[PDB]
Amino acid sequence: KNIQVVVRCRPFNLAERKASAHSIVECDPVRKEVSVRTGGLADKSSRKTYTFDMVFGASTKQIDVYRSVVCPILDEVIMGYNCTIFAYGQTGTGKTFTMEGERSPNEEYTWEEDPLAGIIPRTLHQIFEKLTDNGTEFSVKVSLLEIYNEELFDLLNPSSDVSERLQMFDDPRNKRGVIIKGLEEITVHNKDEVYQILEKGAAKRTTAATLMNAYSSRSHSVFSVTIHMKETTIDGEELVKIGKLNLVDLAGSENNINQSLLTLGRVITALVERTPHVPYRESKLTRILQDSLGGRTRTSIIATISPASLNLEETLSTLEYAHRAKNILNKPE
Ligand SMILES: Nc1ncnc2c1ncn2[C@@H]1O[C@H](COP(=O)(O)OP(=O)(O)O)[C@@H](O)[C@H]1O
Ligand SMILES: CC1=C([C@@H](O)c2ccc(F)c(F)c2)[C@@H](c2cccc(O)c2)NC(=S)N1C
Ligand SMILES: [Mg+2]
């Protein structure tokens, strides 16, 4: 059962406008195609065209990404499945904008209603909405694990400082599992604890950037939500569902020496080519997210691209890579 792959294109920034930049990317949601002009000046041109599961043009708002993509995934998490969403693409294209989002300028909005909010805040807010009074006891735990230069950092632990590296081990109980020694899990007791926890992440990320070269565009971040659910029947019997969601903001795809990013590409090649050895263990990212690539997790990829012709080759590289990823078959619960 194929993983889901969608492609989003960012809008032009203020610099590009003043330069009066023409888009090289046309998105057609009805067709679900992305079309890229690869040459030709105005009146005759060649293009490359790709169809994906969904396609979001440069005007798409965060709420549309949320309703289309994440909403049906979060329902699946609540049914006790595991899900993963990846953001993939060149630095500058909106991976962090999508996964996290931004604050509207000028304190116009509270966080829970900011229209520039991205997947992480919207998901956490919505979990408490969906389960207010339907008869399901639940708790919500989050962790934020990042990988930079094949080392692991905990971005939510307010006790350690970002410098301290974590150790990864195989999980004896679990064949396709790893234990991350020291990784903090924080309990989010209600929707009003959400924002302050995200803020701590952001502050730790600032320290990280100071300490490590090109940190934000070289480190992979895995933000996890675990929802432990319990229902009681009319007969007083307990029913248990556990759902885990990973929101993965990958290192920028552009080109250095990212072993996890190299390994991810090789894991996808092995999977789509049906070759029997898959090199999960050749990097920390793919050991951790093993079950998301051809395993028992439902999995989406959001491939972010740029509308500008300066970014042509890398936009092509991204769509090519996203397009073959479509052939990965996962086996959810
Ligand atoms: N879909 C979008 N809508 C509006 N602005 C965007 C969008 N995508 C990216 N941006 C802007 O583009 C710049 C780079 O995006 P960012 O999330 O940092 O990308 P990345 O994490 O891929 O390097 C940021 O200034 C961001 O505000
Ligand atoms: C805390 C925060 C974001 C949030 O998604 C986030 C940011 C950094 C993290 F390490 C993190 F785990 C979550 C994300 C966000 C969160 C909540 C609302 C919103 O509009 C935007 N973008 C911004 S600017 N901030 C300040
Ligand atoms: Mg980023």
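Residue numbers in this text run from 1 along the chain shown.
Structure method, as recorded: X-ray crystallography, 2.4 Å.
The backbone N, Cα and C atoms fix where each Cβ goes, and this holds for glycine too.
Copied from Swiss-Prot, the annotated features are:
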- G89, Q90, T91, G92, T93, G94, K95, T96: ATP binding site (BINDING)
- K130: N6-acetyllysine (MOD_RES)
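Here the binding-site residues are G89, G94, and the one ringed by the most other CB atoms within 10 angstroms is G89.
Sequence-ordered, the extra residues of this chain that approach the ATP site, with Cβ no more than 8 Å from the Cβ center of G89, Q90, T91, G92, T93, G94, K95, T96, are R10, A87, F97, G252, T304, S306. Cβ-based crowding with a 10 Å cutoff singles out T93 as the top-ranked of the binding-site residues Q90, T91, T93, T96. Ranking the recorded positions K95, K130 by other CB atoms within 10 A of the CB puts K130 at the bottom.
Gap in the deposited chain: 15 residues are missing between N255 and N256, whose Cα atoms are separated by 8 Å. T91 (ATP binding site) and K130 (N6-acetyllysine) have their C-alpha atoms 34 Å apart, to the nearest angstrom. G92 (ATP binding site) counts 16 other C-beta atoms within 10 Å of its own C-beta, drawing on all protein chains shown.
In this structure, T96 are the recorded positions from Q90, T96, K130 whose C-beta falls under 6 Å of some atom of ligand 1. According to DSSP, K95 (ATP binding site) sits within a helical segment. Selection of the recorded positions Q90, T93, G94, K130 by a Cβ distance under 6 Å from ligand 3 yields an empty set.
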